[PDB]
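Quick setup: one chain, the form deposited in one PDB entry, written in structure tokens, and binding and motion questions come after.
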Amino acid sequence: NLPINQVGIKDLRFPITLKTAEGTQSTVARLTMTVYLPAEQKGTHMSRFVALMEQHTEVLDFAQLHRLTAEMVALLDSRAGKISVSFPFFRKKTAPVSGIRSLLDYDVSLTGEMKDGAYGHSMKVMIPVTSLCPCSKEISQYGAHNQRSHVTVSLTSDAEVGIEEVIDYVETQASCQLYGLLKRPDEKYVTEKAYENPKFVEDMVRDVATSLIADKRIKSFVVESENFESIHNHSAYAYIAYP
């Protein structure tokens, strides 16, 4: 026969309202929603996944994802299941000299999982930052190549770790973080800061991983960084998984 680990729907696009520590915002999600299927059961009930999403008007947060995942495995009459919800996430930032405010966008995934009435949750957040090359600075009489970099942090904890917490962990460690709106003094600040704080992809993943190890709510994690090397047409890349 063969049991199926997960069966359900993938990439249902759906508007959501999201509440986190700093505020509530409206965004647009892709959802994948699946349940365990026992060896002798032929199929699951595909329409119920969509039925569940249409019924809940509730704002999404850590508590609401748990409640959705519970109601899902109940509704589909299964022992286990997963909801993963992916979305762009906005945060208001303050330029470092002018203090002019502007949004930046991050890509987030939240997963909730039931196994035999036990719940687990995990999250993934992609944070774009500036990386600048220490080797380039050191060998060159002037200048240093630099590029946008995508730092992706996956983690699982028991206590809630906020999206913005993960963002701050990474942005703190970057050669320089990004802003949508920069005035001339802000551009000057950012250029010089990056140049004063060059980091290899190695340095970045180690620097971030140390911060996460220190956060005792975190049970496991992966930190990746991809740097879109401005002098090549391919990327430098690294990752650390823990434990």
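A residue's number is simply how far along the shown sequence it sits, counting from 1. Under this definition, the rigid core comprises the largest set of C-alpha atoms superposing within 1.5 Å between the forms.
The same protein also exists as the form deposited in another entry; that form is not shown, yet it is the one meant from here on.
Of the residues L181, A70, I218, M53, just one CA atom moves 2 angstroms or more between the shown form and the other one under rigid-core superposition; it belongs to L181.
Core-superposed comparison between the shown form and the other one: the Cα of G117 travels less than 2 Å. After superposing the rigid core, the C-alpha of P128 moves by less than 2 Å between the shown form and the other one. Core-superposed comparison between the shown form and the other one: the Cα of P88 travels less than 2 Å.
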